[PDB]
Amino acid sequence: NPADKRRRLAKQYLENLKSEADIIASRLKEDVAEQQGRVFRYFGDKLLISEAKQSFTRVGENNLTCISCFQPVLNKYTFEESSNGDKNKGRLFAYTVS
Amino acid sequence: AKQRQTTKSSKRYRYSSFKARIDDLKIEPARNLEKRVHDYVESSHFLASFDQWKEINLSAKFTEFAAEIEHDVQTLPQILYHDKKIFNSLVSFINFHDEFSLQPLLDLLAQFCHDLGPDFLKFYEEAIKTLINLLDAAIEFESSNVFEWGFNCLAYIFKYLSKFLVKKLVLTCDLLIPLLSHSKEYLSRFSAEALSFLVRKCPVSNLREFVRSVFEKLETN
Amino acid sequence: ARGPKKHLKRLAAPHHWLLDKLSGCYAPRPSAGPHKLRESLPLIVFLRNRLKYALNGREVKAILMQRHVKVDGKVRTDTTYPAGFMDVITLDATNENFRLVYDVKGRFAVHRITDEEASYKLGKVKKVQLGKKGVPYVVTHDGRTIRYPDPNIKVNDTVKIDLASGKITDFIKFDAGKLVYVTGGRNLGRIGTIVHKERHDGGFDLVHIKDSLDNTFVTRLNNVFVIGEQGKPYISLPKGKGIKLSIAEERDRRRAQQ
Amino acid sequence: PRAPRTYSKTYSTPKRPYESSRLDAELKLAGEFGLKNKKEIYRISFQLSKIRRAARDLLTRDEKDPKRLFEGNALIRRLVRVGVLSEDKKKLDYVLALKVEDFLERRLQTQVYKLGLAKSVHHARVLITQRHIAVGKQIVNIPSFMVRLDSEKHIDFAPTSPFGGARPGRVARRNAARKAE
Amino acid sequence: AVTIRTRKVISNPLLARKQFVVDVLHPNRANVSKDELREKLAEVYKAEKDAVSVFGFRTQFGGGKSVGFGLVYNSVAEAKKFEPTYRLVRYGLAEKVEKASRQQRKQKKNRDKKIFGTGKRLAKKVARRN
RNA sequence: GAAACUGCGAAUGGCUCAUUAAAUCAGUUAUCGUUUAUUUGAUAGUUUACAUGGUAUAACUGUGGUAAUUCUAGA
Ligand SMILES: [Mg+2]
Ligand SMILES: [Mg+2]
Ligand SMILES: [Mg+2]
Ligand SMILES: [Mg+2]
Ligand SMILES: [Mg+2]
Ligand SMILES: [Mg+2]
Ligand SMILES: [Mg+2]
Ligand SMILES: [Mg+2]
Ligand SMILES: [Mg+2]
């Protein structure tokens, strides 16, 4: 019965939250909040702009026209990372054009 | 009477007595092959049925019940974490015995057990006790539909908890003795069918214990 | 005609029902009942042309035979039952209670009320008289006869009738300063306060009524229904509170809310 | 029997159809606006006469009269909306200054011509009657359709029209088929 | 592609159904038959097909969109109970009753009006007479 | 559930304008001058009973008359 399977996945998912700690209840709403098309990451106030470590890296190519960045993400539906391969586990890549 | 409505008239609408409906009624959910809402699920059975019942039923009690529990049923893990409060509210509203709202509540109670079966075991005794009081209350006010809702919910709980209940069916039978021994023939008849599903699912070894206990009980209705 | 009529042409039907003039040739004739034919709203119009719950007469009949509609706490199964002013219509399955009160325009308005408000209605005392065996009784505007009335109750007073038991709970005397509702004439549906009651023996009495906006109008006593004291109505009022408003302002606030 | 359905005549014959100056006037109006017959001119004239007679009656009433204010304001709003009366001329006096040409320009035929979708007023008529012109998302085939200010910017070739991006009409594909064969 | 938008939705538990106006956008297509509209509505509202009724569909001038009225009963049995017989026959849920034309039935009614009683006595009387 | 008894309807609807010159009709009055099926609300401890008759018949069984009718005779 696939509902039992969801329960197992939910149960393991619940155990993660207990490790992550009211707090459990709120975090439960947050993870599914992607399904509900509404803002759910309220972190602007807690952010620290003034202490930002800024850096400028020169590049030979002229008129860098765009940049695309790839971030692996844990998927709540299957609880697996989005990395293409085991070597790319938690490796962040940026692509650029000029 | 003795010449029951074997030959049906051409009338599209006909009167039927409560005893007539009760005699025709039978408790076996599986034979019904109609499409079920809970068959298609995105988050949980409870949520799938919960949204639908909001659309069909407009009873005041159900509306109040929905508002209290709406926030805590958006996801299956949320249901698991808030299982205690959800069950208490469901039991609370069923006790009011408002026929306008019973049907959505009884269905959701079964679907609640569907989402978290093994966890429902701690709720099992209270759930059965609530149904027994309702069915006893249902005798006072005539409504065949109420009996149909109540016993199917009882049948549904048996289907989902079939594995665990079978192991201790004597305990489950012990709860239903007032129903099986009740003065009314139909209430005993309906309960017997619901418990019959568990019996046919039993292992032979477990069955031998159950048959011994009932025969010991045999030593009104 | 050689006897009572049983058909009603659409053009001859009451205007305030707001029936299409081309939908058919005949309109529902209200059966005999509490209210007069021209001052009554048959249940078919209410369920079909107002609530839009039923699409045609047959579906209205299907609803009624299911016994889901109650009028004044009693189940009615007649399609053309003449529900009228201050009538309570209860739909349990849908869980609503409606009170039939005219709007400012002069038409019965779909006004939803709470259960505690649906438990009672108001009746204008049309007659008071001793019945057989010396038992006093009062006849209201909806044909209700209540025996053993309070002696102070007289004609033109209002009585608060509890639907479950059909007994008077409270009453209002007809006096200056009382809040009144117009049930006839081109001022139909307006609300105001009594100012003076002009009497003419052997003729129709006239009553002066002042609205909240300070406008004054005169109306025959037969069209006046006391509903409470100023600022304290005993029933929930429809939107607009029975205030007549001009046409220019009507344009104005329609634009404003639009 | 069922209640009557009202009807009315949208045009009236003139007091003297035989005035030579008049005949020349309808010749101008038909020629410039490509009107099929005189009945169209008479219809527009009748509508305009009704409008201006109402305006005159409203003017006769004293200023600040509620009827005057309400009905004059409604008439000015409608005339502005259809576009005959310009925004800066919102007074009943200028309504009396309207002319048949103002209404004629607002016809969908003339507007189609002015927008450049057609090379002649007659080309506009044949385009409209052939279901090639759409105001907004809807297709209009009636040359007498009156365009509103908002609708004016939405006139375009219909999606179903071959000129509007649909497949070629029957003649084009017939010719292509024979050429391929 | 074809899109179905439901508007003016009302929930009628008196009749145990949901009423609405169905607007169907069907670019590059003549129109959508009632069958496809029924199966799509049944999928959208998660009900049995037999519980969905649709009718009164009119395509506007110029094509591209249609408007009709749609009903969704809470279950099939209620659909059988409330739906008009002719619509049931359209969907095949019910079988058209075969009856003679009105003139034939009326003539038979008149002829049976002429006879009194069972009429067998007249039959034997005329048999003996002739 | 045919037939018949019983209850209700058939006095509504549809059509036409022949007669009609204070008549009809329009507006406006009156019933302290009267009937009112039906709906709605009240309203009857004061009148062999574990329940009376054919003072009775239809439908029905059967015997018939008339050229003929939505005719009907006897039992
Ligand atoms: Mg008097
Ligand atoms: Mg085309
Ligand atoms: Mg009779
Ligand atoms: Mg004559
Ligand atoms: Mg004479
Ligand atoms: Mg006279
Ligand atoms: Mg009757
Ligand atoms: Mg009575
Ligand atoms: Mg005899």
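Throughout, chain C uses Swiss-Prot numbering, with the displayed residues spanning 2-259 in order.
Note: Cβ is positioned from N, Cα and C throughout, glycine not excepted.
The phosphoserine entry in Swiss-Prot, when matched to the candidates C:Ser24, C:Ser41, C:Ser247, corresponds to C:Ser247.
Of the listed residues (C:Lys22, C:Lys106, C:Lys168), Swiss-Prot tags C:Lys168 with ubiquitin cross-link; the rest carry no such note in the record, though that does not show they lack it.
Taking C:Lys161, C:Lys245 one by one, Swiss-Prot attaches ubiquitin cross-link to C:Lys161. Swiss-Prot gives the label ubiquitin cross-link to one of C:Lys53, C:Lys179, namely C:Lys179. Within the list C:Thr115, C:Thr141, C:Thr217, the entry that Swiss-Prot describes as phosphothreonine is C:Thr115. By a simple count of nearby Cβ atoms, those within 10 Å, the most crowded of the modified residues C:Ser32, C:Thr115, C:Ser247 is C:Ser32.
Helix, strand and coil content of the domain 'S4 RNA-binding' (C:42-105), in residues and according to DSSP, is 17 helix, 20 strand, 27 coil. Here the recorded sites are C:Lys134, C:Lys174, C:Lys179, and the one whose Cβ sees the fewest other Cβ atoms within 10 Å is C:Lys134. Counting in whole angstrom, C:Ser32 (phosphoserine) lies 15 from C:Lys62 (ubiquitin cross-link) by their C-alpha atoms. Annotation for C:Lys211 (ubiquitin cross-link): spatial neighbours C:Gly193, C:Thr194, C:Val196, C:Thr217, criterion Cβ-Cβ under 8 Å with sequence separation of six or more.
All chains included, 8 other C-beta atoms sit within 10 angstroms of the C-beta of C:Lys233 (ubiquitin cross-link). Here nothing among the recorded positions C:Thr115, C:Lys233, C:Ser247 falls inside 10 Å of the CA of C:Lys168 (ubiquitin cross-link).
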